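Content type compact mmCIF, C-alpha atoms and all ligand atoms, from the file run.txt:
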# COMPACT_ATOMS: atom_id res chain seq x y z
CA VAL X 1 1.78 9.75 5.48
CA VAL X 2 4.09 12.59 6.54
CA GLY X 3 3.65 15.94 4.68
CA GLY X 4 0.39 14.87 3.07
CA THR X 5 -2.88 16.66 2.44
CA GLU X 6 -6.37 15.22 3.04
CA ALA X 7 -7.57 13.16 0.05
CA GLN X 8 -10.88 14.03 -1.51
CA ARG X 9 -13.37 11.22 -0.56
CA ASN X 10 -13.61 9.84 -4.14
CA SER X 11 -10.04 10.24 -5.37
CA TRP X 12 -8.62 6.84 -4.45
CA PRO X 13 -11.53 4.38 -4.37
CA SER X 14 -9.30 1.25 -4.47
CA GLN X 15 -7.58 2.20 -1.18
CA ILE X 16 -8.62 -0.08 1.69
CA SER X 17 -7.93 -0.09 5.47
CA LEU X 18 -6.67 -3.45 6.78
CA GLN X 19 -7.63 -3.76 10.42
CA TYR X 20 -7.18 -6.24 13.24
CA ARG X 21 -9.43 -7.12 16.16
CA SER X 22 -8.26 -5.70 19.52
CA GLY X 23 -10.50 -6.10 22.50
CA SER X 24 -14.06 -5.38 21.45
CA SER X 25 -12.79 -3.04 18.75
CA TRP X 26 -10.74 -2.92 15.52
CA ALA X 27 -7.52 -1.10 14.83
CA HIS X 28 -6.14 0.09 11.55
CA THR X 29 -2.73 -1.51 10.88
CA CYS X 30 -2.09 -1.26 7.13
CA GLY X 31 -3.30 -0.20 3.74
CA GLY X 32 -4.28 -2.32 0.77
CA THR X 33 -5.53 -2.04 -2.77
CA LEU X 34 -8.82 -3.60 -3.87
CA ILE X 35 -7.98 -5.52 -7.06
CA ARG X 36 -11.04 -7.76 -7.50
CA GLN X 37 -14.42 -7.53 -5.79
CA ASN X 38 -13.17 -10.29 -3.42
CA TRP X 39 -9.37 -9.75 -3.46
CA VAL X 40 -7.07 -7.22 -1.81
CA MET X 41 -3.40 -6.65 -2.51
CA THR X 42 -1.24 -5.73 0.47
CA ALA X 43 2.23 -6.14 1.96
CA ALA X 44 3.28 -9.56 3.21
CA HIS X 45 4.75 -7.97 6.34
CA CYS X 46 1.24 -6.61 7.27
CA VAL X 47 0.03 -10.13 7.82
CA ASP X 48 3.03 -11.84 9.55
CA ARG X 49 1.17 -11.58 12.84
CA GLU X 50 -1.41 -14.27 13.64
CA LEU X 51 -4.27 -11.75 14.08
CA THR X 52 -7.90 -11.58 13.09
CA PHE X 53 -8.06 -9.24 10.06
CA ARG X 54 -10.88 -7.39 8.32
CA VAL X 55 -10.93 -5.08 5.36
CA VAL X 56 -12.82 -1.79 5.15
CA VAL X 57 -13.59 -0.41 1.71
CA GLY X 58 -15.17 2.94 1.07
CA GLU X 59 -13.41 4.26 4.15
CA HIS X 60 -12.34 7.95 4.52
CA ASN X 61 -12.25 8.86 8.25
CA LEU X 62 -11.15 6.05 10.62
CA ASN X 63 -12.75 7.91 13.54
CA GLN X 64 -16.17 8.90 12.04
CA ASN X 65 -19.08 7.30 10.20
CA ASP X 66 -18.69 8.27 6.51
CA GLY X 67 -21.84 6.47 5.36
CA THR X 68 -19.91 4.69 2.63
CA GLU X 69 -17.95 1.93 4.48
CA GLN X 70 -18.35 -1.80 3.77
CA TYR X 71 -16.75 -4.20 6.27
CA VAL X 72 -15.59 -7.67 5.23
CA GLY X 73 -13.73 -10.52 6.80
CA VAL X 74 -10.48 -11.92 5.37
CA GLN X 75 -11.15 -15.53 4.37
CA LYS X 76 -7.74 -16.56 3.02
CA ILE X 77 -4.24 -15.08 3.08
CA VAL X 78 -1.78 -15.91 0.31
CA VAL X 79 1.68 -14.51 1.01
CA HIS X 80 4.34 -14.58 -1.66
CA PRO X 81 6.18 -17.88 -1.14
CA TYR X 82 9.62 -16.29 -1.17
CA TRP X 83 8.73 -13.69 1.51
CA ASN X 84 11.04 -13.82 4.52
CA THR X 85 9.96 -11.69 7.48
CA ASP X 86 13.54 -11.28 8.74
CA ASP X 87 14.65 -9.92 5.34
CA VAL X 88 12.35 -7.17 4.02
CA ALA X 89 15.26 -5.96 1.82
CA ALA X 90 15.13 -9.24 -0.11
CA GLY X 91 11.74 -8.10 -1.50
CA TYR X 92 8.65 -10.25 -2.13
CA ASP X 93 6.75 -8.01 0.29
CA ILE X 94 3.37 -8.78 -1.15
CA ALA X 95 0.24 -10.74 -0.16
CA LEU X 96 -3.25 -11.28 -1.48
CA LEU X 97 -6.30 -11.49 0.76
CA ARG X 98 -9.43 -13.22 -0.44
CA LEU X 99 -12.41 -11.55 1.17
CA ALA X 100 -15.29 -13.54 2.74
CA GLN X 101 -17.80 -11.59 0.61
CA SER X 102 -17.58 -9.67 -2.65
CA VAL X 103 -17.83 -5.92 -2.05
CA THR X 104 -20.17 -3.69 -3.97
CA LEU X 105 -18.58 -1.17 -6.34
CA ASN X 106 -19.52 2.50 -6.44
CA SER X 107 -17.78 5.91 -6.56
CA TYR X 108 -16.06 5.08 -3.21
CA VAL X 109 -15.17 1.43 -3.97
CA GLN X 110 -13.43 0.57 -7.28
CA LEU X 111 -10.80 -1.90 -8.42
CA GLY X 112 -7.25 -0.58 -8.60
CA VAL X 113 -5.76 -0.50 -12.09
CA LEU X 114 -2.42 -2.39 -12.23
CA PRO X 115 0.47 -1.76 -14.66
CA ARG X 116 1.38 -4.24 -17.30
CA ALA X 117 4.07 -6.75 -16.33
CA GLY X 118 7.62 -5.39 -16.46
CA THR X 119 6.70 -1.70 -16.63
CA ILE X 120 9.32 0.52 -15.04
CA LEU X 121 8.74 4.22 -14.48
CA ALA X 122 11.18 6.85 -15.65
CA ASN X 123 13.03 8.68 -12.86
CA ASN X 124 11.00 11.49 -11.33
CA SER X 125 7.62 10.09 -12.50
CA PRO X 126 4.59 11.69 -10.79
CA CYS X 127 2.95 9.55 -8.09
CA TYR X 128 0.88 9.89 -4.92
CA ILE X 129 1.16 7.72 -1.85
CA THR X 130 -2.09 7.35 0.08
CA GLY X 131 -2.90 6.10 3.59
CA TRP X 132 -3.79 6.57 7.18
CA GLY X 133 -0.26 6.00 8.45
CA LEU X 134 1.58 8.16 10.97
CA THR X 135 1.64 11.84 9.99
CA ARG X 136 5.02 12.32 11.69
CA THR X 137 7.93 10.06 12.55
CA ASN X 138 6.97 8.53 15.94
CA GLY X 139 3.56 10.24 15.51
CA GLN X 140 -0.03 9.04 15.38
CA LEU X 141 -2.25 7.62 12.57
CA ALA X 142 -4.24 10.05 10.47
CA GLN X 143 -8.00 10.23 11.01
CA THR X 144 -8.72 11.18 7.37
CA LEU X 145 -7.10 9.51 4.34
CA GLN X 146 -3.94 11.39 3.35
CA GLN X 147 -2.06 11.73 0.08
CA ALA X 148 1.42 12.95 -0.67
CA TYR X 149 3.08 13.74 -3.94
CA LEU X 150 6.13 11.43 -4.21
CA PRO X 151 7.99 11.34 -7.51
CA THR X 152 9.84 8.18 -8.29
CA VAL X 153 13.60 7.74 -7.82
CA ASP X 154 14.88 5.24 -10.34
CA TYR X 155 16.82 2.08 -9.45
CA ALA X 156 20.19 3.52 -10.41
CA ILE X 157 19.82 6.52 -8.08
CA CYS X 158 17.89 4.67 -5.36
CA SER X 159 20.45 1.84 -5.08
CA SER X 160 23.41 4.29 -5.03
CA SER X 161 25.40 4.64 -1.78
CA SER X 162 23.89 7.89 -0.48
CA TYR X 163 20.36 6.56 -0.94
CA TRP X 164 19.49 2.94 -0.13
CA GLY X 165 22.52 1.04 -1.56
CA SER X 166 22.11 -2.76 -1.92
CA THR X 167 19.00 -2.68 0.24
CA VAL X 168 16.88 -1.66 -2.80
CA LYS X 169 16.23 -4.25 -5.48
CA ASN X 170 14.89 -3.89 -9.01
CA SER X 171 11.73 -5.55 -7.76
CA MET X 172 10.97 -2.35 -5.87
CA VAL X 173 9.93 1.24 -6.64
CA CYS X 174 11.39 4.10 -4.63
CA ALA X 175 9.49 7.40 -4.35
CA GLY X 176 10.07 10.70 -2.60
CA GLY X 177 13.12 11.18 -0.42
CA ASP X 178 12.75 14.96 -0.10
CA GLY X 179 12.91 14.99 3.72
CA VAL X 180 9.39 16.46 4.03
CA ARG X 181 6.87 13.99 2.54
CA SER X 182 6.89 10.17 2.86
CA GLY X 183 5.03 7.05 3.79
CA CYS X 184 5.19 6.17 7.50
CA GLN X 185 4.07 3.30 9.76
CA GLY X 186 0.51 2.23 8.97
CA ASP X 187 0.81 3.15 5.29
CA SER X 188 2.40 -0.27 4.63
CA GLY X 189 0.51 -2.42 2.13
CA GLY X 190 -1.22 0.56 0.50
CA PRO X 191 -0.92 1.90 -3.04
CA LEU X 192 1.55 4.11 -4.80
CA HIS X 193 -0.59 5.61 -7.59
CA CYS X 194 1.33 6.87 -10.67
CA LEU X 195 -0.02 8.81 -13.60
CA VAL X 196 0.82 7.15 -16.88
CA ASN X 197 -0.79 7.98 -20.27
CA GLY X 198 -3.51 9.92 -18.47
CA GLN X 199 -4.62 7.25 -16.00
CA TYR X 200 -3.49 6.49 -12.45
CA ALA X 201 -2.26 2.94 -11.88
CA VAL X 202 -1.09 1.24 -8.73
CA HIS X 203 2.68 0.77 -9.32
CA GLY X 204 3.64 0.15 -5.71
CA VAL X 205 2.72 -1.57 -2.51
CA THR X 206 4.15 0.35 0.46
CA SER X 207 6.94 -1.78 2.07
CA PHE X 208 9.49 0.16 4.14
CA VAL X 209 11.06 3.39 5.26
CA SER X 210 14.38 4.08 7.09
CA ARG X 211 14.79 2.96 10.71
CA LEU X 212 15.99 6.53 11.19
CA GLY X 213 12.65 8.06 10.34
CA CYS X 214 9.84 8.20 7.81
CA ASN X 215 10.70 11.49 6.01
CA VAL X 216 14.51 11.26 5.79
CA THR X 217 16.31 12.98 2.92
CA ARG X 218 17.68 10.42 0.42
CA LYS X 219 15.71 7.61 2.06
CA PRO X 220 12.69 7.61 -0.20
CA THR X 221 9.80 5.41 0.78
CA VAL X 222 10.22 1.96 -0.78
CA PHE X 223 7.44 -0.06 -2.41
CA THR X 224 7.14 -3.56 -3.84
CA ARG X 225 7.03 -3.07 -7.62
CA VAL X 226 3.53 -4.26 -8.65
CA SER X 227 4.63 -4.85 -12.25
CA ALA X 228 7.09 -7.52 -11.07
CA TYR X 229 4.17 -9.59 -9.66
CA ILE X 230 1.46 -9.51 -12.33
CA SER X 231 1.92 -13.17 -13.25
CA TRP X 232 2.09 -14.19 -9.59
CA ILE X 233 -1.15 -12.20 -8.83
CA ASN X 234 -3.02 -13.76 -11.75
CA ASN X 235 -1.84 -17.25 -10.84
CA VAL X 236 -3.07 -16.87 -7.26
CA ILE X 237 -6.48 -15.50 -8.25
CA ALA X 238 -6.96 -18.17 -10.90
CA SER X 239 -6.12 -21.02 -8.48
CA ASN X 240 -8.25 -19.66 -5.56
CA CA X 301 -15.28 6.00 8.65
Let's see the structure in the file written out as structure tokens.
Amino acid sequence: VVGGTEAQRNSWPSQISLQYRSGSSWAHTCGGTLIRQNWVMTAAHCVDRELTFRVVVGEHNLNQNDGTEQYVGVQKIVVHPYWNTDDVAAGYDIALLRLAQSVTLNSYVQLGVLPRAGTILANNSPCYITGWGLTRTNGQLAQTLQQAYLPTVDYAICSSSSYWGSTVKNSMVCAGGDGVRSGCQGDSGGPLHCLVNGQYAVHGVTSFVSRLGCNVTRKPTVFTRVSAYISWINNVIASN
């Protein structure tokens, strides 16, 4: 997250860190949202590589013991069937991970609330992106969980020529674009949390930013629209 501030430890309890095994250690690669005690929602592109993945819930500082972490293996990966790794702009950048154990819920570990199917946010709706992604274009991952205030940019503006054009689909949510604050690499798969009728809900799954840079004016961060996948999500969970 570029232009973020450190999250309070209990603000975003559904945020997870998706990590892969490297050497005798683990490396953060992406975010995720805990949606059942044994299921995480993330970006399809986060799991294209044939790596060994684990999920950390109750995580705050990737580089320090917080006393609140639970570590769990990924047992099964269900990528959206229409996902095409060579075409992120086509959409479908979503995957569900079934965890090897059910995590224990507490003030640091909670299920993310999802919007009802079809819900679209009005332009300029208040949201926060959260993650441990790069804090600058071509930068380094955050140690502590970051948040940034990123208001939505509706489909009509986002898909206009000076923004993202035909690259953005109605199955996505755009947010930010101010040139200061944005998602960045390593935020992929994580939540966009938007305040609606008094409650935060996870309306986006971080998908992409410009090849030019993370915080580029009129290239808001783009997210898979969660409310386009409610039926898909339920179908997967019910069959697995
Ligand atoms: Ca930690």
Practice task
Provide the atom CA of residue 133 of chain X to atom CA of residue 37 of chain X distance in Å, to one decimal place.
Solution key: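 About the pair atom CA of residue 133 of chain X and atom CA of residue 37 of chain X: they are 24.2 Å apart.
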Handout entry: Protein and nucleic acid residues within 10 Å of ligand CA 301 (chain X) (all atoms listed in the file) as a list in words
Key =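 So, counting all atoms listed in the file, the residues near ligand CA 301 (chain X) are residues 56, 57, 58, 59, 60, 61, 62, 63, 64, 65, 66, 67, 68, 69, 70, 143, 144 and 145 of chain X.
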Exercise for the section: Kindly indicate which residue among X:121, X:74, X:174, X:45 lies nearest to residue 86 of chain X, using only C-alpha atoms for the distances. Expected result: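 Among X:121, X:74, X:174, X:45, it is X:45 that comes nearest to residue 86 of chain X.
Protein, DNA and RNA residues at most 8 Å from (17.2, 0.0, -6.1), with only C-alpha atoms, are these: residues 154, 155, 156, 157, 158, 159, 160, 164, 165, 166, 167, 168, 169, 170, 171, 172, 173 and 174 of chain X.
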Handout entry: 12 Å contact set for residue 34 of chain X, all atoms listed in the file, chain neighbours under 4 positions out, as a ChimeraX atom specification
Key = /X:12-18,38-42,55-58,96-99,102-105,108-114,189-191,202,205
How would the residues just picked look written out with C-alpha atoms as a PDB file, in the coordinates of the input?
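Result file is part-v1.pdb:
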ATOM      1  CA  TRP X  12      -8.620   6.840  -4.450  1.00  0.00           C
ATOM      2  CA  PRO X  13     -11.530   4.380  -4.370  1.00  0.00           C
ATOM      3  CA  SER X  14      -9.300   1.250  -4.470  1.00  0.00           C
ATOM      4  CA  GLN X  15      -7.580   2.200  -1.180  1.00  0.00           C
ATOM      5  CA  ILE X  16      -8.620  -0.080   1.690  1.00  0.00           C
ATOM      6  CA  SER X  17      -7.930  -0.090   5.470  1.00  0.00           C
ATOM      7  CA  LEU X  18      -6.670  -3.450   6.780  1.00  0.00           C
ATOM      8  CA  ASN X  38     -13.170 -10.290  -3.420  1.00  0.00           C
ATOM      9  CA  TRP X  39      -9.370  -9.750  -3.460  1.00  0.00           C
ATOM     10  CA  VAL X  40      -7.070  -7.220  -1.810  1.00  0.00           C
ATOM     11  CA  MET X  41      -3.400  -6.650  -2.510  1.00  0.00           C
ATOM     12  CA  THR X  42      -1.240  -5.730   0.470  1.00  0.00           C
ATOM     13  CA  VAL X  55     -10.930  -5.080   5.360  1.00  0.00           C
ATOM     14  CA  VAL X  56     -12.820  -1.790   5.150  1.00  0.00           C
ATOM     15  CA  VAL X  57     -13.590  -0.410   1.710  1.00  0.00           C
ATOM     16  CA  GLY X  58     -15.170   2.940   1.070  1.00  0.00           C
ATOM     17  CA  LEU X  96      -3.250 -11.280  -1.480  1.00  0.00           C
ATOM     18  CA  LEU X  97      -6.300 -11.490   0.760  1.00  0.00           C
ATOM     19  CA  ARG X  98      -9.430 -13.220  -0.440  1.00  0.00           C
ATOM     20  CA  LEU X  99     -12.410 -11.550   1.170  1.00  0.00           C
ATOM     21  CA  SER X 102     -17.580  -9.670  -2.650  1.00  0.00           C
ATOM     22  CA  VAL X 103     -17.830  -5.920  -2.050  1.00  0.00           C
ATOM     23  CA  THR X 104     -20.170  -3.690  -3.970  1.00  0.00           C
ATOM     24  CA  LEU X 105     -18.580  -1.170  -6.340  1.00  0.00           C
ATOM     25  CA  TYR X 108     -16.060   5.080  -3.210  1.00  0.00           C
ATOM     26  CA  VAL X 109     -15.170   1.430  -3.970  1.00  0.00           C
ATOM     27  CA  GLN X 110     -13.430   0.570  -7.280  1.00  0.00           C
ATOM     28  CA  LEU X 111     -10.800  -1.900  -8.420  1.00  0.00           C
ATOM     29  CA  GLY X 112      -7.250  -0.580  -8.600  1.00  0.00           C
ATOM     30  CA  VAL X 113      -5.760  -0.500 -12.090  1.00  0.00           C
ATOM     31  CA  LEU X 114      -2.420  -2.390 -12.230  1.00  0.00           C
ATOM     32  CA  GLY X 189       0.510  -2.420   2.130  1.00  0.00           C
ATOM     33  CA  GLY X 190      -1.220   0.560   0.500  1.00  0.00           C
ATOM     34  CA  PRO X 191      -0.920   1.900  -3.040  1.00  0.00           C
ATOM     35  CA  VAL X 202      -1.090   1.240  -8.730  1.00  0.00           C
ATOM     36  CA  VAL X 205       2.720  -1.570  -2.510  1.00  0.00           C
TER      37      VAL X 205
END
Box for segment 46-60 of chain X: with edges along x, y and z, all listed atoms inside and 3 Å added on each side, what are the centre and edge lengths in Å to one decimal, as lines of an AutoDock Vina configuration file?
center_x = -6.1
center_y = -3.2
center_z = 7.6
size_x = 24.2
size_y = 28.2
size_z = 19.0
Practice task
Point out the residue among X:28, X:193, X:218, X:211 with the least atom-to-atom distance to residue 129 of chain X, counting all atoms listed in the file.
Solution key: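 That would be X:193, the residue with the smallest distance to residue 129 of chain X.
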Exercise for the section: Select, from X:204, X:176, X:198, X:126, the residue with the minimum atom-to-atom distance to residue 3 of chain X, counting all atoms listed in the file. Expected result: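 Of all the options, X:176 lies closest to residue 3 of chain X.
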Practice task
Pick out the closest residue to residue 201 of chain X from this set: X:115, X:32, X:23, X:91. Count only C-alpha atoms.
Solution key: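 Smallest separation from residue 201 of chain X among the options: X:115.
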Exercise for the section: Please measure the separation of atom CA of residue 25 of chain X and atom CA of residue 139 of chain X, giving the value in Å to one decimal. Expected result: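 Separation of atom CA of residue 25 of chain X and atom CA of residue 139 of chain X: 21.3 Å.
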Practice task
Calculate how many Å separate atom CA of residue 84 of chain X from atom CA of residue 51 of chain X, rounding to one decimal.
Solution key: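 Between atom CA of residue 84 of chain X and atom CA of residue 51 of chain X the gap works out to 18.2 Å.
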